[PDB]
Structure formats: structure tokens, C-alpha cells
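Novice: Opening piece of a complex, kept in its complex position:
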Amino acid sequence: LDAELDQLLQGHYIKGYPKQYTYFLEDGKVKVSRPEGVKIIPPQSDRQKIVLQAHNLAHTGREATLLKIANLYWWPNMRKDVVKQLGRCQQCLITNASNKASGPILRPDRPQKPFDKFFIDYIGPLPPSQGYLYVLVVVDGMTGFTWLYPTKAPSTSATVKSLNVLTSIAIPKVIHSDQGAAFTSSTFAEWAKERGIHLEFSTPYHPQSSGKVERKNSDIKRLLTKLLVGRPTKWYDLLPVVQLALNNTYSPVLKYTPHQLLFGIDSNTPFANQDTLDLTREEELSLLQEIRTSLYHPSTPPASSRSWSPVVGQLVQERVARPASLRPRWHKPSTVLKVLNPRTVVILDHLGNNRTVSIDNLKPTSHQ
Amino acid sequence: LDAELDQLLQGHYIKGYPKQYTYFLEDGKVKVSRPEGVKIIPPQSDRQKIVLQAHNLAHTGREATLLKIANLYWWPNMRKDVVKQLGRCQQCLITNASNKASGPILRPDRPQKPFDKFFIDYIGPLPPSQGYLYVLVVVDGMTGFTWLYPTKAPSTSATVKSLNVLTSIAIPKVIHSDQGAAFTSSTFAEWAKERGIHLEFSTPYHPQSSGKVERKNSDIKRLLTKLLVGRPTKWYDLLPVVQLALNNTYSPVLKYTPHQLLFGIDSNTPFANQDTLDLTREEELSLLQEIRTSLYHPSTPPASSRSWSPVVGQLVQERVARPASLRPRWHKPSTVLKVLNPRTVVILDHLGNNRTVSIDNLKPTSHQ
């Protein structure tokens, strides 16, 4: 502060203050003559207050804050003190947007067998049809084979009724769902345990995670739309048709329909493939086992030029889920406990609870 | 049809049907032995019906439809007949998504002078504050200088009251707005004509077009949010503070605040720039005129690898604005009348009205 500036005025060299400029006293303040003009050098003990005043005018970032300060003042390493404050402005930290992208997405392995994993989810509400408003969609991970059930609500109770019917056919090892009320209820937990089914949940507010079924929702809605053109939206009676239509549709990259992947032979539907007519069922199942293993699997894409990847101990902020109007879009900083994979983490949320969270709902806290 | 197939069966060469495969009769149908197996060659007069049946199962695109047909049939140039039908399926055309991106955005020139162009727009509704729910935002194009007025509704009448106050200061050549009810009313048209102000409108449902003000909305909401952290959302009393705060904030790329661009000198606000203290006002205005012309202007970015650009006479489809549930996202095909610029067109909408439309709300009709 005042000692530093004193020793300065009598022409002695201080580290930080270049020796080649002339430093003087005027109006009771230490000044210096810099290329752009004459600036006041405040005593170190005044600088935090100054940076703060500059920052608070519009809660500006690095350069916009600096440009205000440089109008009146000069000192060594101004931006270093600016950044110090930026990293302590609770309001900037929770309100500003991130300018760093998530790391490149994972492409999880395809389930090995039909019935290894289901992905389930609700669609709706839809225009009422026979008093029904939702559709439960169940997608077998390996085959894409899909079952559709109309419901009155996205309830546990309607979920259980429908799956009891479905699982008459086979019981899956795992059911993967999002964190909807329907699937996180303890009634559903019990229903699953009873049958040796393991429940797997998406990280919160991250539908990419149910990508398998979300994507199937698209085809379902899209086909329903086409079939309903110029008629009233009576979708109830079309679910069975849509189900069948989609299970028997080729995926051009795979060159197989989900039905084929499930049974290894077309049923009596239009344009049934006849290629295995001369094989025994056993020979057919043998060629099926082989088809199922050799299916195209996509790989993780290139990272974008400015992505971030989580590191244990990092300060990171979770996205506020349903932010009220004029309220911050981010939670307070929290710490990366465990890095489950490059796109999934456990954080301690300052309360602090453990939360398992997608990096897509995170930003790395700025300015360390 | 039957003549073609007859001449074929007796070993004569027909253009399209390769000579090296054996063609025969069986079960009353013309067959052929192709590498993948034996397929029925239907008579040309049957083919349209077949493609149609295949397509209609799930309203599938090129390859997914072909793969069904190839299960039973073979003929020359199958995909050509498939595509013919795809381009005639009204339901696919209006329901499917586009897989071609818009051409790269335009970066219009900055208005030359303050008051050449205003961009106006409403924000809201917001939590009620003193009985007010919206904010009228007025952004001078050249300077970014912004005026804020609280209103009870996004009405013409509140717009007119506010602008009468604003234009006490200066009258602009042009006011640019979107197609909100407030600005398209004939009462507003009259109010403008009365003052020699020209009204310019964004293409419909394309806020990029009011980008100047939309972007300013962001800063306004963002600063309001920060100031309101941990207090109730009483934003009315903060508009004046926000207005002042933002007009006096540096844009790091420009190195000027909107206030500086408007007046060429800081008023008595914190950290006022003192650089022109020794210039005469006239010398100051001279350096201002020069600063205003040399400001950074961004250029049109590179096109993405699969973009389209509009051509006069092209069949194109306008996006449905507020599509009902399970209803198509596109209007019926319509024709590009005039290409106003590479990102803006006039189309004739089959009714047919002339509409001026952004290419972002268009797709090029598939399969010609």
C-alpha cells in the first residue's frame, strides 16, 4: 500500500512497476505517465474496492471490467485482481452461461441379447382418444422391438398393469428409465424386485440417456401423424397398427427389422423375407446368433475444439432444472466426488447430498 | 407389362433386363434367378401398386421401402419407381423432417448513424412488479444504445406512449420489429407515417431477424437476474439502473460503450473515460465520426457441408408455425417466386398468397 508507493516516489525500483516511466504526486495521489495517458496508481489496500466497484456497475466479465478500471487507474497485473473478483462474485457465477462444451458423447454397447435391457418411457399428454392420454413405450435394447400401451396417466399403476401383460412373454434382466414419477416410486421398485428385474435410471433431466426409446417416440409420433392426416386425431385404435408397422420396418444401416432381430424369421406380414425357407429352425437360429453379433456399432465422435472433461475435485455447477423467471440458471459450486465415466459424475452439492449427474447439466466453475 | 415379359421369356433381349440371368415361368408368374435368390418380376402395370403397398406399411423412405420390395420382387431400376412415389406421398412430404441445412447467415451492415434504425421488441410476461408485466426494449442499431419502458401489455397503445417519450429526443428513419400484434396494427402504422418513420418487419417466426434487440434482451434479463438474487423479483425499480448500466458497458470487441458511440463522450458516471479532455467538442465529434466508421464488422460464416440455397421456381415448404399435437410440421409444397437475398424469399403458398419468408422456415421439397 502506502509504503510501496512511498519507496516508489523517490525513484527506487519496485518489482512490478516498470522503471522507465515517471511516477509522481499530484492532487494527493500517486500518478504515472503511460503511453495512453496519466493514470492514478491506487495503494494496494484500495484495489480490491476499485475492481469491485468497476465489476458491480453491470456485473461485467474480464475485459469489460478491465476497460472501466483502465479509464482512471493503472497498477501491476490488473487483470489478475479482476479475475480474483470474478471468481468470488456469487451472482456472476450462478447467472452467467458457460462457454465450454461437454466432452463427446458415449455410444454404449448394444445389449447382447433380446431381453437383456428394456428402455421405457411415456409419451403425452396427447389429444384424448377413448379417454386415453398417454402411451407407454417399451423398447428392447438389442432388437429395437417395441411394445405400445395406451394409458390414462403416466402412473406406476398403469405401468405395472402394462408390464405384467408384456412380461407374460419374457422377463428382462434390466429396465432402464428416466426419473419420472411412474418409475421411481417404491411400488414400482417392489414390482421389479419381485421378478428379479434390476432398475436402472437415467441421470436427472437428460433424455439422451433414454435415447433408445426417445428416438422410438419420434417414429411413433411421426407414423401416427401421417396416418391421421385430414382425419380427427383418433390414435387409440392405431397403436396396434403402428406397433406392428414399426417392428417390421427395416433400419437401413442394419438391414434388418426389429422383428427379424427378435425372432430370426418374418411372420405372415406383407413382403415377408423368404431367404431362410430351406434352413432348419436350428440352422436359422444359428445364422441369427451370428447376425446379432456383427451389427454396426457407432463410435464416440471427435471432441469439439473447446470441450471440458470432469476431474475429481473440480468445482462444477449443476444446471437449475426448472428456473423461475429472472432467477439464476445455475446452482452454487459443488465438487466432483467420482468420475463414473467421461460423461457422468457424482458431485457433492454443498448441502451436501451425493448426486449422479450428466456433464450436460454441468459447467466448470470459472476462474478456479 | 405383359408384352415386355412375353418377349422376355422366349430368350429375346429387352433393355433393362440383363441378358445373363435365366428368366422363367412358375406358378403363373415371371421369375428370375438373381444372386440373392429367385424374385418375381411383376408386369410394369403392377409396379406402381407394389411400391405403394411397400411404402404404406410404415411410410418409409427410399432404402427402407426398397428392402421390403426386394424381399419378393425384382425389376429394372427399382429405386427410380420408389422415389417417384416418395415425391407423391403428400403425408411423407409434409410430415418428414428435412436433412438439408440453411445456407450460412447474413451479417447485415451496421446502420451508418445513430437514429438510422431502431430495433424494438417486447420481453415478458415477467413476475408482476407494480402491476407491470412487460418491458419495451428499443435498441439503436448503430450504437447499441438502449431504452427500456415497463408496460402492462405488449400493446400498440403502450408502444405509442413510450415511443412518443423516446422520440422527444430524436426521430429515427426506420423502426425494425417482428410481427407481434403491437407493431403490425394499423394504429401503429399511422403513428409511424405521421412522423415520417418507415416500418420494417422481420419475416415471420424468425427472431434472428431482430437479433440486435433479442441479444440485448439477454443482457437485460441477465443483469436483472444478478441484481435480484436472494430478493423478491421487484424489477420495475431496476429498469432505470439496468438501462444506464448497460448503455455504459464496454463491448470488448468494439472497445466502446453504446453511450460513447452515441455522444462521443462519457457523462458523469463511474469510471468515465477522460481521454478527450483537451479536445474541443468539434475535435471530439471529428474523432467520433472516425471511430463510428472503422468499427469491427463480422463476415458471413462458411456454409455447412450440406446446405441448400433457394432458386426461383423451386418447390419448397414452409414450416407450420404452431403445429397441433400429432399434426404435420410442414405446409404443402409452394413455389419460390423471388429470391430477395440468399436467406430470404417470396413464395406463392398454393392459396395462393405471396409470403416473405426466412429460409430457416423452409425446406426444399424432396424428390423434386
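Specialist: Received the coordinates, thanks. Residues are numbered from 1 along each chain as shown, chains lettered A, B, ... in the order given.

Novice: hmm, who's touching the longest helix seen in chain A?
Specialist: The longest helix of chain A (DSSP state H) is helix A:211-228. By Cβ atoms under 8 Å, 6 or more residues apart in numbering or on different chains, the residues outside helix A:211-228 that reach it are A:119-121, A:123, A:135, A:137-139, A:141, A:144, A:146, A:148, A:176, A:207-208, A:234-235, A:238, A:241-242, A:245-246, B:58-59, B:91-92, B:95-96, B:326-328. Yep, even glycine has a C-beta here, placed from its N, CA and C like the rest.

Novice: how about a cut-off of 7 Å?
Specialist: A:119-121, A:123, A:137, A:139, A:141, A:146, A:207, A:235, A:238, A:242, A:245-246, B:58-59, B:91-92, B:95, B:326-328 (Cβ atoms under 7 Å, 6 or more residues apart in numbering or on different chains).

Novice: Show me what the helix or strand following that helix is packed against.
Specialist: From helix A:211-228 onward toward the C-terminus, using DSSP states H and E, the following helix or strand is helix A:239-247. Applying 3 or more Cβ pairs under 7 Å, 6 or more residues apart in numbering or on different chains; DSSP states H and E, we find helix A:239-247 packed against strand A:146-151, helix A:211-228, helix B:44-58.

Novice: beta partners for the residue lying closest to residue A:349 once chain neighbours are set aside?
Specialist: Closest residue to residue A:349 apart from its sequence neighbours, by Cβ to Cβ, 6 or more residues apart in numbering or on different chains: residue A:334 at 4.7 Å. Here residue A:334 sits in beta bridges with residue A:316, going by DSSP bridges.

Novice: who are the neighbours in contact with residue A:170?
Specialist: residue A:115.

Novice: can you pull the buried residues of the longest helix of chain A?
Specialist: By 16 or more other Cβ atoms under 10 Å in any protein chain shown, the buried positions in helix A:211-228 come out as A:212-214, A:216-217, A:219-228.

Novice: Stretch A:248-258 now?
Specialist: Quick answer for stretch A:248-258 (16+ other Cβ under 10 Å): A:248-251, A:256-258.

Novice: go ahead and place chain C:
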Amino acid sequence: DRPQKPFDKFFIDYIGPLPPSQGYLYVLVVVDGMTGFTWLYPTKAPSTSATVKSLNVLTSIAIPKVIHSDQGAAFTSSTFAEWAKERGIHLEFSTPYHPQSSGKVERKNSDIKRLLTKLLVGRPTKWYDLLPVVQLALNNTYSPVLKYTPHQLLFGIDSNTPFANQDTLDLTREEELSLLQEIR
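Specialist: Let me put chain C in with the others:
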């Protein structure tokens, strides 16, 4: 002649009347001929209507080339014939009073009748809820003749519910008298 395949033939039949369960009285039984896979559907009556409703569910998963039945009224109605014609399903009937399926199917139908009876006694009214488990049992039951369960033949994989206990299926001395008490 080409080898027998799943969806080649579905053998259908009704079982009942049964004691009311959640308002249902009968069971439509569908057995795939090649795999022995069984689907069950609870109905309120052995009508064409109830058959059509039930087969509409099943045929939205897989469509059989041929359905085989006895000459039950529900199956010989021209409505049911109209229904099958719409789906390109050939109908096939056994001659009256002389039902024929195949060994596999006859044996399968026997298991179903016996399995139902065993589980209904003690809880003659709670069978609606039990249909799912009945099916998993039947479909994960080892076929002495083939090396495989119907599950295995339908899907080409082991099941996550292997029914390791080849069960009694016979009435225990207790259940014999419990059944002679329900009829009285």
C-alpha cells in the same frame, strides 16, 4: 417339403367356463405349432367378438400363416372368417368330434389344462393375475423330444427365468380333497 417354422401355424382353443376372475370366465389358448410357445388371453365369453379382440393383441406382435381350430362357433362364424381374410390368414378346421393337432401341441394343451387346475385350487378366483406366470412356466419348460424350451426356439437365446424345477403338476392328497370340497 420345407422345414417347419414359427408362425407357420397357431393352434387356438378355448378353456372354460371357469370361476369368475376379475370378471373373466374363459381363456383363449394359442400355441405355436413349431415352437410350442403359448399365449393365453382371458375372455368374458367364447364369442367371435372376444376372439377377435384377443387375437388383435397377438397379431399386432406376430401374424400366423394358418390358424387351426376345432369347429367351435366362435371360429366358424363368417365374422371370424372375414377377420382372417383381412390379415391373409388361412383358416383350418379339424373335423367335428375328431380334434387333431400334433403330438407337441396335444401334449402342450394337456400341460396347460393340468397346470391351470393345480393353481386354481385353493385360489379358484385369483387366476387372472396368475396368467403371466403360467405362461412363463409353460414357455420355459423343457421339451423331451427337442433339446429346447419354446422360449429358446422362438428367440434363439436362454431365458432370464429358467424353470429349473420340473414340477409335480400332480394334485397332492390335500389338494385332491380341497377340490372335492369346492365342487360340493
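
Novice: ok chain C is in now, so what about the contacts of residue A:170?
Specialist: A:115, C:151, C:159.

Novice: closest to residue B:195 among those residues?
Specialist: Ranked by distance to residue B:195 (Cβ to Cβ), the contacts of residue A:170 are led by residue A:115 at 72.8 Å.

Novice: pretty sure the closest one is touching residue C:158, no?
Specialist: No - taking contacts as Cβ atoms under 7 Å, residue A:115 lies outside contact range of residue C:158: 9.8 Å.

Novice: For the buried ones among the contacts of residue A:170, write the corresponding PyMOL selection.
Specialist: Of the contacts of residue A:170, the buried ones can be selected in PyMOL as follows, counting by 16+ other Cβ under 10 Å:
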select buried, (chain A and resi 115) or (chain C and resi 151+159)
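
Novice: Redo the contacts of residue A:170 as CSV? Include secondary structure.
Specialist: Compiled in CSV, the contacts of residue A:170 are given as follows (DSSP: H, G, I helix; E, B strand; the rest coil):
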residue, secondary structure
A:115, coil
C:151, helix
C:159, coil
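
Novice: ok, of the contacts of residue A:170, which one's closest to chain B?
Specialist: residue A:115 (23.9 Å; Cβ to the nearest Cβ).

Novice: so who does the closest one touch?
Specialist: Counted by Cβ under 7 Å, 6+ apart, residue A:115 has contacts A:140, A:170, A:172-173, C:160.

Novice: Could you do residue A:356 as well?
Specialist: A:203, A:344, A:346.

Novice: Can you list the strands that the helix or strand that contains it pairs with?
Specialist: Using DSSP H and E, residue A:356 sits in strand A:354-358. If you go by DSSP bridges, strand A:354-358 pairs up with strand A:344-348 (antiparallel).

Novice: which residues are in contact with the partner strand?
Specialist: A:203, A:310, A:316, A:318, A:334-340, A:354-359.

Novice: So for the residue sitting nearest the centre point of chain C, what's the nearest residue that isn't a sequence neighbour?
Specialist: Centroid-nearest residue in chain C: residue C:29, 2.7 Å away (criterion: Cα atoms, centre = their mean). Excluding its sequence neighbours, the residue lying closest to residue C:29 (Cβ to Cβ, 6+ apart) is residue C:13, at 5.1 Å.

Novice: Here is chain D, add it in:
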Amino acid sequence: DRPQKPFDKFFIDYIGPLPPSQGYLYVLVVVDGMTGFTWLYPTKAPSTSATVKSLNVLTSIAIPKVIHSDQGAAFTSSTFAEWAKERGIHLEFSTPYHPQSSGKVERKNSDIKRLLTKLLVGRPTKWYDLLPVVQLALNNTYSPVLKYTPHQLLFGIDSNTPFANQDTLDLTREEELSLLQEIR
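Specialist: To build on what is shown above, here is chain D added in:
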């Protein structure tokens, strides 16, 4: 001494009472010293309160280093002083009974009083609506002494409303008698 600049000094004063217009009675007048630019604000009273409300609008656009006024009650209240202190605005008063501005400002204030009077007669009650146009007039009026209008000096550009008619500003023989009829 450094050259005179916009925002260096704002000269403020009240005009009125006037005939009620939309419930307003007075006009706060603000003139920038260097440019001669004029802002007008309608008030209900010459109070500290109305002055603060009005200057709050203006000072959310530009803040003057110094405000100059006569010793009107509204300007000498300690509330108004408190207000100016908060915005780092130095207050400056002319001595009582001896108002001093500058030639430019005195001349400007004269134009304002005369311009108002001219337009009020015939419509003494409709002046609230006329304030915007009054201002554009005053601010796009050529200064004989400087080569430029206040608009030009404030913004460094020509205006889209140049007031080409250097006007009469004097009362026509008709308006003279029309004004001697309103007072009666």
C-alpha cells in the same frame, strides 16, 4: 482551462403554473450548457419530489457533473441535495433575485417560454401532447453563434427532422386577441 463539453452542466428550472393538461401543471426545463440541448418534463408541482422523479428519467440516460438552478424551494431542499450527492452531482445556485446562466442558455430559455406561449394559445389544454414536438423544434434549431444545432452538437450527425422553417415565434394579430380573450 479545458474546453466546455456536453454533460458539464445542466441548467434546470420550472415553468408554470400552466393550464391543466392531462392533470399536469408545470414543466421542468433542462438545458445542457455546452450544446443547448433541451429536455422537458411535465410535473404536477414544483416540488423536490416531482423534480427527483423527472430527473431520475433524465439521469438514467446521462448524468451531468453540475446542475445549476435558482434558489427555488425544490432545488434547495436537503432531499434534493441528498439526491445529487448520491449521483456525484455538484449542485450550483445563482444568488437570490439575480439569476445567471450564460448567453446561450438565457437565449434558449427565452425561446422555450415564447414557443410554449405561441402553441398553447388556441389549445391551452393540449400542451402535454405537444412537448415531444416542442423539444425536437428547440433541438433542431440553428444556433447563430455556433455553426450547429444542439442535436448536431450532442450526437455529431444531422437529424432526420431538420426544422427548415426558422419560424415566426411571434404572435399573429389573431392570436394576440385570442390570448386577451382567454385571460378574461
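
Novice: please look at the contacts of helix A:211-228 again, because chain D has been put in.
Specialist: Against helix A:211-228 from outside (Cβ under 7 Å, 6+ apart): A:119-121, A:123, A:137, A:139, A:141, A:146, A:207, A:235, A:238, A:242, A:245-246, B:58-59, B:91-92, B:95, B:326-328.

Novice: do you know how far residue A:270 is from chain C?
Specialist: 8 Å (Cβ to the nearest Cβ, to the nearest Å).

Novice: Which of the helices or strands spans residue C:68?
Specialist: Going by DSSP H and E, residue C:68 is part of strand C:66-69.

Novice: Count residues in the vicinity of the residue lying closest to residue C:162 once chain neighbours are set aside, would you?
Specialist: Of all residues not flanking residue C:162 in the chain, residue C:140 sits nearest, at 5.9 Å (Cβ to Cβ, 6+ apart). Using other Cβ atoms under 10 Å in any protein chain shown, residue C:140 is surrounded by 20 other residues.

Novice: Show the contacting residues for residue C:140.
Specialist: C:149, C:151, C:159, C:161-163 are the contacts of residue C:140 under Cβ under 7 Å, 6+ apart.

Novice: what lines up beside the strand or helix carrying residue A:118 in the sheet?
Specialist: Applying DSSP H and E as the criterion places residue A:118 in strand A:117-123. Sheet pairing for strand A:117-123, assigned by DSSP bridges, gives strand A:134-140 (antiparallel), strand A:174-177 (parallel).

Novice: Distance check, the closest residue to chain D within chain C against chain B.
Specialist: Among all residues of chain C, residue C:60 sits closest to chain D, at 67.0 Å; criterion: Cβ to the nearest Cβ. The gap separating residue C:60 from chain B is 14 Å, by Cβ to the nearest Cβ.

Novice: Can you report phi and psi for that residue?
Specialist: With angles defined as degrees, to the nearest 10, residue C:60 sits at phi -90, psi 0.

Novice: Next, count neighbours for the closest residue in space to it that isn't next to it in sequence.
Specialist: Nearest residue to residue C:60 in three dimensions, chain neighbours excluded: residue A:240, at 3.8 Å (Cβ to Cβ, 6+ apart). Neighbours of residue A:240 under the rule other Cβ under 10 Å: 16.

Novice: right, and residue A:240 touches residue C:58 too?
Specialist: No - Residue A:240 is not in contact with residue C:58 according to Cβ under 7 Å; the separation is 10.2 Å.

Novice: That concludes my questions; thank you for your assistance.
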